[PDB]
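Just so we're on the same page: letters track the sequence lines, and every chain starts at 1. Ligands are counted one by one from 1 in listed order, and the atoms in each one are counted from 1 as well.
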Amino acid sequence: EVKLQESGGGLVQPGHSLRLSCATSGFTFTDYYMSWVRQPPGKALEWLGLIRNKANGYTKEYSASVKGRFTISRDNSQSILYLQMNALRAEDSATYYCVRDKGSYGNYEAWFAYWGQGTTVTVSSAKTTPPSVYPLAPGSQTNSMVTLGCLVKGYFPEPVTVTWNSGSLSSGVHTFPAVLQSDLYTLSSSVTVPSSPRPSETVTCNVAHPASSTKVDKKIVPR
Amino acid sequence: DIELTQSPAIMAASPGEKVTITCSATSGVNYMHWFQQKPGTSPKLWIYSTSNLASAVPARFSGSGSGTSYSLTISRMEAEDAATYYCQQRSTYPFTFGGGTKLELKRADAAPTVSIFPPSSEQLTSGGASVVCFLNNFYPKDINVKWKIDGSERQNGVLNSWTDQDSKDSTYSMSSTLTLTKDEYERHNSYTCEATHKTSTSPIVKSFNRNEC
Ligand SMILES: Cc1ncc(COP(=O)(O)O)c(CN[C@H](C)C(=O)O)c1O
């Protein structure tokens, strides 16, 4: 199974540098070209560049918007692809993906077909801040389905991950995009479950904020 | 430095309807590639080398063109096809992607399920008062929310959040949060969440009365 995994993404101060990583497996790294692609939130994809395979001297090609600031490299030992970003600007805030590019064969249907999950890079001078997690229980079994929620506000930066009942609850879950306001992010998440299972089994939302190494659970008690 | 413009930038297709996405270049390319990206996921290769369908890609899909004008077509629209499509050229360095085309799938009108929640005891202990409202699983997208405290309309302090078309039922969900100081929140008695949607002549509303206990 082919796997690509980016990381290194997080909060970075304007004008500084950040190096992203992309661990791979499931294929002979050195036989393939690798590309880097980014997508700023709610915007189009942008190709940043690629690096070639052994046969082609591991040469690099770059997009015009980053030639000079960004460098692509690869550690063929550990089969890891890298992206060095210098003099970062807000426009660099986005989700970065590494992609297996062309290889030493004719498996064309496979070119640019494998992408990592992507890592979020945030370029801002704003300070980090953990989230306050608040439960959302209805005011007054009115129906057959009761909706619950979790309020995650005042954190920075993105992302945060919300799950319900350690993930055992994925159905009926809604996690709205975060909204920024005054250097602080706020987001909510709703879950719908049958009146029967609650309050009878227990619903809990789990929130994790890597940037702040925060991780908390919040039972949803009725009110 | 080839730039690729796609049109339309946004579109809604009825089930079965034929769909055509065009990608135009500032210079000639030998081939055109297409990618389909669904909300919260990584892009997936869809069409490569202009007209070759990638793995798991349905036959109703096809691609064509040459020179500086290419297109992607869906003979009969299916719910599974709703997503954002992107074209790509690797004929000249640097490779580049198109502006993108956000393709939603039209469906039966659905009224939003409105849920309102008063501030948690926790937040209140902290000195803040956020009143939240969910407007879940509706369609079309066009929905308008209004907050009413004791009958009056509230504008400032209202943060909205919209999701993209859900893959499970093809609906849209919105969350509206009204943040107030504990002081302003307790200065009032009735909070309402009012949503106007094409599914109803009169607003769909939910409210709650602040109670002491
Ligand atoms: C994924 C990919 N990588 C790299 C290259 C070019 O490799 P190099 O620069 O080392 O010669 C191509 C060719 N583009 C084809 C021709 C196309 O879609 O036009 C490609 O499709």
Side-chain angles (χ1 to χ4, degrees), chain A residues 2 4 6 22 24 26-39 44-64 66 70-74 76 79 81-83 96-116 118, chain B residues 1-6 21-37 42-54 57 61-72 85-100:
Chain A
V2 174
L4 277 29
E6 307 94 327
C22 171
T24 73
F27 60 102
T28 302
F29 197 56
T30 67
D31 276 311
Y32 290 79
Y33 281 39
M34 299 298 302
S35 260
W36 273 107
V37 172
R38 68 176 180 185
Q39 178 168 53
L45 297 162
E46 169 175 37
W47 186 80
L48 303 172
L50 101 214
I51 176 167
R52 303 195 173 77
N53 62 10
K54 238 247 268 169
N56 288 279
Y58 300 127
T59 55
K60 354 202 155 165
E61 213 55 270
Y62 291 101
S63 161
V66 308
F70 293 17
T71 302
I72 291 179
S73 64
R74 64 156 84 201
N76 295 303
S79 288
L81 171 74
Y82 292 101
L83 183 65
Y96 291 66
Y97 302 95
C98 45
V99 188
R100 195 179 68 170
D101 198 89
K102 77 176 297 159
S104 302
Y105 303 117
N107 299 285
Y108 310 117
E109 147 169 24
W111 295 6
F112 242 92
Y114 288 101
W115 297 56
Chain B
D1 207 348
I2 305 179
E3 182 179 64
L4 305 178
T5 314
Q6 289 182 215
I21 312 300
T22 63
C23 179
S24 297
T26 52
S27 188
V29 298
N30 296 139
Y31 297 103
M32 188 59 87
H33 310 290
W34 300 81
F35 296 76
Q36 176 199 71
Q37 174 177 47
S42 297
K44 253 169 293 206
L45 180 64
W46 218 241
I47 295 181
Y48 66 93
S49 296
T50 304
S51 59
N52 300 306
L53 301 180
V57 178
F61 278 89
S62 68
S64 66
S66 54
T68 54
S69 198
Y70 287 77
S71 53
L72 175 163
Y85 293 79
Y86 289 96
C87 46
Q88 183 199 233
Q89 68 80 30
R90 308 166 208 146
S91 189
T92 287
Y93 281 109
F95 297 169
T96 45
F97 291 95

Which of B/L45, B/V57, B/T50, B/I21 passes side-chain contact (heavy atoms from CB on, under 4.5 Å) with B/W34? Answer is B/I21
What protein heavy atom sits nearest atom 19 (O) of ligand 1, and how far away is it?
B/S91 CA, 3.4 Å
Parallel, tilted or perpendicular: which describes the rings of B/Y93 and A/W47, with under 30° parallel and over 60° perpendicular?
tilted
At under 4.0 Å between heavy atoms, is it the side chain or the backbone of A/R52 that contacts ligand 1, or both, or neither?
side chain
With a 4.0 Å cut-off on heavy atoms, is B/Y48 touching ligand 1?
no
Quick check for you: to the nearest 0.5 Å, what is the distance between B/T26 atom OG1 and B/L4 atom CG?
7.0 Å
Under 6.0 Å between the ring centres of A/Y32 and A/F27?
yes
Please say whether A/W111 places an N or O atom under 3.5 Å from an N or O atom belonging to ligand 1.
no
Atom 4 (C) of ligand 1 has as its nearest protein heavy atom A/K102 CD, 3.4 Å
Between CG of B/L72 and OG of B/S51, what distance do you get to the nearest 0.5 Å?
11.0 Å
Please determine if A/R38 forms a cation-pi arrangement with A/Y97, meaning its NZ or CZ atom is less than 6.0 Å from the six-membered ring centre and no more than 45° off the ring axis.
no
re atom 9 (O) of ligand 1, the protein heavy-atom contact at minimum distance is B/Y93 OH, 2.5 Å
Starting from atom 16 (C) of ligand 1, find the nearest protein heavy-atom neighbour and note its residue, name and distance.
B/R90 O, 4.3 Å
If hydrogens are left out, which of A/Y33, A/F112, A/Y32 has an atom nearest to atom 11 (O) of ligand 1, that is, the closest non-hydrogen atom?
A/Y33
Strictly distance-based, threshold 3.5 Å: is any side-chain N or O of B/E3 a donor or acceptor partner for the main-chain N or O of B/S24?
no
Side chains of A/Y33 and A/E61, donor plus acceptor under 3.5 Å
no
Around atom 2 (C) of ligand 1, find the nearest protein heavy atom and jot down its residue, atom name and distance.
A/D101 OD2, 3.3 Å
One residue to check: B/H33. Relative to ligand 1, which of side chain, backbone, both or neither has a non-hydrogen atom less than 4.0 Å away?
side chain
Return the closest protein heavy atom for atom 12 (C) of ligand 1 as residue, atom name and distance.
B/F95 CZ, 4.1 Å
